[PDB]
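Protein sequence lines correspond, in order, to chains A and B.
Quick note: the authors' numbering has the first sequence finishing at residue 237, numbered continuously throughout.
Quick note: the authors' numbering has the second sequence finishing at residue 237, numbered continuously throughout.
Beta carbons: idealized from backbone N, C-alpha and C, even for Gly.
2 protein chains.
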Amino acid sequence: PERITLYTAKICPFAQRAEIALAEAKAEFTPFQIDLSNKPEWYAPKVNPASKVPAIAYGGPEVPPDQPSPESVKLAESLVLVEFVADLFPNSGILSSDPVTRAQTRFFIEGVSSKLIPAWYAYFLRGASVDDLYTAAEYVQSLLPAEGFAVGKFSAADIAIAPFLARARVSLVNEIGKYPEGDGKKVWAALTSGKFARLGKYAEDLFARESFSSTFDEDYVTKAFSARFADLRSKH
Amino acid sequence: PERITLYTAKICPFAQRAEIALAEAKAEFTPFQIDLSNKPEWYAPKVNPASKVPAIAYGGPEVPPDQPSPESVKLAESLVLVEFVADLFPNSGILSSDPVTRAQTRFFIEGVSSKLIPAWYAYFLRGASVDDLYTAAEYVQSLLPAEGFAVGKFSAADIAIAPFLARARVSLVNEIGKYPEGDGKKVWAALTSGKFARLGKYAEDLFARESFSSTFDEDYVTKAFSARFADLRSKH
Ligand SMILES: *SC[C@H](NC(=O)CC[C@H](N)C(=O)O)C(=O)NCC(=O)O
Ligand SMILES: *SC[C@H](NC(=O)CC[C@H](N)C(=O)O)C(=O)NCC(=O)O
């Protein structure tokens, strides 16, 4: 493959998807951290007009990441980037070679993106009822096989969900959010035990994956979430 | 590939996506029309728990589509099915083999799914401002090359959008919707001329594609939409 520069941010779960994929592929790449509170003026016009992470500059000459060349192809959207790494590295295991398994992989990601992630942000940012979060977690849990990862062998499906389960845990166990203070620890426990014991086992296995743990700085993310969302209950 | 049975509906743009993909691949398959006004009792427990079209039953023994076998693999979600057909038919052209080109294909689809389709349904069903529909259309148009289809050769990107542009046109030119009566023909003209001339040429090219025209029944869709959505406007 041609050279890869990844524009990313430790706080951002969509960006961690891209980091996990590159780690699974053992890809050589140059990282560049974007401060989302203080973005470089060059980032939107030169790299990503949406002004978000993650993004990749692919190819072109060897340049510093803050001096991108217009000759590199600019790419964005986390789920596009994960399948891009999978297509660059066909022996990475990010996607099965099997058509049915690939479809089941993407079907799982659709459950994550359409049900679980919106239900989490509704609960976390707005204090919506936990009802939809349980419904979405039960649905995602029902797609899991008895053992292993989303379609057995680790794949893009696990990459898609792991950064969000990790930051849900960080938020809940620290009571960060707009939901009633004190419910957080109860909800994470409920999502990982009893009726949700399979989901709890799934989360354990995700968090133990080397490509996850090597791209997750739990202390940094916890501190960044606490600072950013401290005022959810108190701001007028 | 193994045997393919497609559960579909003429009215449904999501299902037309799959039909276009199968036509581009010259795939052998058995269609079955799902009565969306009176869905068969067996459809949700035996084929698709979400009770939506499209769905595919893949493989297993030869069965009547109204008696699906538990041995066939059941698949759903239109964009999953389109990539499934792509993966089954490597000479179909639905996806390029080139990693960058595949990424740009999926990136176009993300703009269609996240901006254009929600803005259309908001205008049609919710009487939202036309502003967001033009904004979303301008973004999609900005991704088009100077000539040709979304990434050059006809691909999953065009498959994703064509059924929705076709039904937006039918709705607008026949004044079906919650927007003020008489605005529709002017909005479709606006979306296909002037600042949207490129998008107008794209729509013309899409609707002339054989896989699109052979899977679109404009008389049926116009009559079906007129009956279904006759009450979006007050009688007073
Ligand atoms: S997590 C930080 C934010 N990134 C995204 O939301 C990416 C979403 C895309 N759809 C994707 O890659 O999947 C971010 O960069 N926000 C910009 C800001 O100004 O906060
Ligand atoms: S167009 C007919 C409806 N299908 C869908 O909405 C499919 C959406 C999926 N996300 C997809 O395949 O992309 C439909 O079947 N409606 C029936 C119902 O009861 O909702």
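Item to complete: Just list the alpha helix (DSSP H) runs in the segment 37-110 of chain B, keeping only unbroken ones of 4 residues or longer that don't cross its boundaries, in chain order.
Response: Runs found: 44-47 and 79-89.
Discussion item. Report the start-end ranges of each alpha helix (DSSP H) in the segment 122-158 of chain A that is 4 residues or longer and not cut off at the edges.
Written reply: As summarised for the segment 122-158 of chain A, the continuous alpha helix (DSSP H) elements at least 4 residues long and confined to that stretch are 132-143, given in chain order.
Worksheet entry | Near-chain B residues of the segment 83-98 of chain A (beta-carbon distance less than 8 Å), N- to C-terminal order | Flagged, chain order: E84, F85, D88 and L89.
Worksheet item: How would you list, in chain order, the residues of chain A whose beta-carbon sits under 7 Å from the beta-carbon of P100(B)?
Response: Near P100(B) (Cβ distances below 7 Å), the residues of chain A are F85, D88 and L89.
Discussion item. So, with DSSP's three-state summary, where would you put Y8(A)?
Written reply: Three-state DSSP puts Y8(A) in a strand.
Item to complete: Following the continuous beta strand (DSSP E) through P32(A), name the residue where it begins and the one where it ends.
Response: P32(A) -> beta strand (DSSP E) spans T31 to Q34.
Item to complete: Could you name the residues of the segment 20-52 of chain B whose beta carbon sits closer than 8 Å to any beta carbon of chain A, in the order they occur along the chain?
Response: Residues of the segment 20-52 of chain B with a C-beta atom less than 8 Å from some C-beta of chain A do not occur.
Worksheet item: Counting contacts by CB-CB distance shorter than 7 Å, is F108(B) in contact with chain A?
Response: At least one chain A Cβ lies under 7 Å of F108(B).
Worksheet item: Secondary structure at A19(A), three-state DSSP: helix, strand or coil?
Response: It is helical.
Item to complete: Output the boundary residues of the alpha helix (DSSP H) element that contains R199(B).
Response: Start and end: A198 to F208.
Item to complete: Helix, strand or coil for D220(A), going by three-state DSSP, please let me know.
Response: Here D220(A) carries a helix assignment [DSSP, helix/strand/coil].
Discussion item. Which of the three DSSP states is assigned to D184(A) in this structure?
Written reply: DSSP places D184(A) in helix when its eight states are reduced to three.
Practice prompt. Kindly indicate if chain A contains any beta-carbon less than 7 Å away from that of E72(B).
Written response: So no, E72(B) is outside the interface.
Discussion item. So the candidates are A120(B), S114(B) and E182(B); which of them puts its Cα closest to the Cα of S235(B)?
Written reply: It is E182(B) whose Cα lies nearest to the Cα of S235(B).
Worksheet entry | Secondary structure of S215(B), DSSP reduced to three states | In this structure, DSSP gives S215(B) a state outside helix and strand, which the three-state scheme calls coil.
Practice prompt. Step through the CB atoms of chain A and report whether any lies within less than 7 Å of the CB of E3(B).
Written response: Under the Cβ distance rule, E3(B) does not count among the residues neighbouring chain A, no pair being separated by less than 7 Å.
Discussion item. Quick check: is any heavy atom of ligand 1 less than 6 Å from the C-beta of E219(A)?
Written reply: It does not: the Cβ of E219(A) is nowhere closer than 6 Å to a heavy atom of ligand 1.
Discussion item. When you measure from the CB of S172(B) to every non-hydrogen atom of ligand 2, does any distance come out below 6 Å?
Written reply: Answer for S172(B): no, Cβ out of range of ligand 2.
Fill in: Three-state class that DSSP yields for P2(A) in the structure shown
Reduced to three states, the DSSP call for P2(A) is coil.
Fill in: Where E111(B) meets chain A, residues with beta-carbon distance less than 7 Å
Contacts between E111(B) and chain A, judged by CB atoms closer than 7 Å, involve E78 and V81 in chain order.
Fill in: Length of the line joining the Cα atoms of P164(B) and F213(B)
Here the C-alpha atom of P164(B) lies approximately 8 Å from the C-alpha atom of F213(B).
Discussion item. Any heavy atom of ligand 2 inside 6 Å of the beta-carbon of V54(B)?
Written reply: Yes.
Worksheet item: What in chain B is Cβ-close to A104(A), meaning under 8 Å?
Response: Chain B residues near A104(A): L76, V81, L82, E84, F85 and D88.
Fill in: Interface partners of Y8(B) on chain A, CB under 9 Å
Ordered by position in chain A, no residue passes the 9 Å Cβ test against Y8(B), which lies about 15 Å from the chain.
Discussion item. Assess contact between the segment 119-139 of chain B and the segment 42-59 of chain B, defined as three or more Cβ pairs (one per stretch) separated by less than 8 Å. Is contact present?
Written reply: As far as the Cβ criterion goes, the segment 119-139 of chain B does not touch the segment 42-59 of chain B, which means the pair count is below three.
Discussion item. With the cut-off set at 7 Å, would you say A87(A) and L76(B) are in Cβ contact?
Written reply: Contact: no.
Discussion item. Since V188(A) and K11(A) should fall inside the 8 Å C-beta cutoff, what is the C-beta to C-beta distance between them, to a whole number of angstroms?
Written reply: Under the criterion of beta carbons closer than 8 Å, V188(A) and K11(A) do not qualify as touching, at roughly 24 Å.
Practice prompt. Can you pull the chain A residues whose beta carbon is under 7 Å from the beta carbon of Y59(B), in chain order?
Written response: The CB of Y59(B) comes closer than 7 Å to the CB of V101 in chain A, given here in chain order.
Discussion item. Closer than 6 Å to a non-hydrogen atom of ligand 2 - does that hold for the CB of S79(B)?
Written reply: Yes, the Cβ of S79(B) comes within 6 Å of a heavy atom of ligand 2.
Worksheet item: Is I5(A) closer than 7 Å to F33(A) when the C-beta atoms are compared?
Response: Not in contact: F33(A) and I5(A) (Cβ atoms no closer than 7 Å).
Worksheet item: Is it a yes or a no for the segment 101-116 of chain B touching the segment 42-49 of chain B, going by three-plus beta-carbon pairs under 8 Å?
Response: The answer is no - the segment 42-49 of chain B does not touch the segment 101-116 of chain B, with fewer than three Cβ pairs under 8 Å.
Discussion item. Alpha carbons only, please: which of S98(B), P55(B) and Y180(B) is nearest the one belonging to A129(B)?
Written reply: Nearest C-alpha to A129(B): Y180(B).
Worksheet item: Tell me which same chain residues have a C-beta within less than 8 Å of the C-beta of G94(A), skipping the five on either side of it?
Response: Once the five neighbours on either side are set aside, the close Cβ partners of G94(A) are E25, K154, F155 and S156.
Worksheet item: Between the beta-carbon of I160(A) and the beta-carbon of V83(A), is there less than 7 Å?
Response: Yes; because the gap between Cβ atoms is below 7 Å, this pair is in contact.
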